[PDB]
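Next up is one chain by itself, shown in structure tokens, the form deposited in one PDB entry.
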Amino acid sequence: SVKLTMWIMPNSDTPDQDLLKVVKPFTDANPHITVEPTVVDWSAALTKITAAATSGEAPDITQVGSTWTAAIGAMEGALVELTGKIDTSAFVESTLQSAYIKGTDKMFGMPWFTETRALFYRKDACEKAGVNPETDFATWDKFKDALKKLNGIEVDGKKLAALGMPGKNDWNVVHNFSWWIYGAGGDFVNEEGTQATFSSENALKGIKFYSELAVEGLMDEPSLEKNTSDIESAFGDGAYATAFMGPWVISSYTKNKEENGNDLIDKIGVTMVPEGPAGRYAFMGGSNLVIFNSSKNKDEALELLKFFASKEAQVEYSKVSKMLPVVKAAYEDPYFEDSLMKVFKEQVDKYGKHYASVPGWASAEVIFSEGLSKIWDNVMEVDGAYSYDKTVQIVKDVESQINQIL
């Protein structure tokens, strides 16, 4: 008897039991192997994974955020190197970038799922404001003009803010700036991933354009004090005409209808992020699976990773989590005929950009979270009138620290 233990982040409504249903055919086929998952929240996941990779008190397998895989893989003796042990030919090729440490051929993670952030909108709000969501969100400029028509629009008995986005207290602070920086023609690092570059003229233009949506009254200011979880539920309760969100919110909005009679899920559509002056770019995220080097059952752990990469396991976890499969053949399933999900798939395939997979990037994300949130403090005028020059100073200070980290 072999007991495999697994750490997962909260990818679905009931994470441990949802995972156990997906792995049931594996444990039915292998009666000598059991799978025991434990949930670790996103806020503590980096610290807990790092400590486990060093101390030795570790599960066999853990989920790792795709942007963290290089940081954990670069710790000596932390992870099993997976090169040659996983057959990558079945995978969407773009998903492998985060599985390797950049500048090396070393693969320490297996892609498990991907995600992107798309533009959710209220159909009833758009029709009341005279906004055509087929065309009026296509570019930055048209998107901004649509927000002006949507700001304060009354639908049913209440007025909606045009755009609702979080500002603080999770990893999504940098993720939500990423594609505005890309769309402006900027980037976070140079091609080598050795030097920070997000204080460039273009990167600041994207930061300026996005953050000043709130200065101009089009983004709900109180929501900038809150985290992603708070703003997703606010959108599901009808507070905003639009919001940029991951696909997982569809699970929660569907449940709200089944449990509370909340009809929000029937009133929304999704489109790709507006195109900026650089062309269209989108945040590309997701998670990998890794095997700890301290595992006493690496062969069985490898069999489980291969199962998670199988076509049907990819389809089933996508159905419950709404995350995107990383295996090409999963998209032959009729489920991916859904109009909402197809937008996330088309966006990430054509326009998804992932951060440089460098060891210092996980540490940099902690720095971004703090620093980019000060830009929202500036916009919200908690300490004096808003000044773009203060934003410039904040980004310059963040850039210097990340350069030391890199």
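Numbers for residues come from their place in the sequence shown, where the first is 1. Whichever C-alpha set is largest while still superposing within 1.5 Å between the two forms counts as the rigid core.
There is another form of the same protein, the form deposited in another entry; it is not shown, and what comes next is about it.
TODO: Of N202, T271, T197, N297, only one moves its C-alpha by 2 angstroms or more between the shown form and the other one once the rigid core is aligned, so tell me which.
DONE: So the only displaced C-alpha belongs to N297.
TODO: Look at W171 and decide if its Cα position differs by 2 Å or more between the shown form and the other one after superposing on the rigid core.
DONE: Yes, shifts by 2 Å or more.
Open item on the list: Given a superposition on the rigid core, I'd like a yes or no on whether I394 shifts its C-alpha by 2 Å or more between the shown form and the other one.
Closed with: No, the C-alpha moves less than 2 Å.
Task: Rigid-core frame, C-alpha of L372, shift of 2 angstroms or more between the shown form and the other one - done: No: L372 shifts by under 2 Å between the shown form and the other one.
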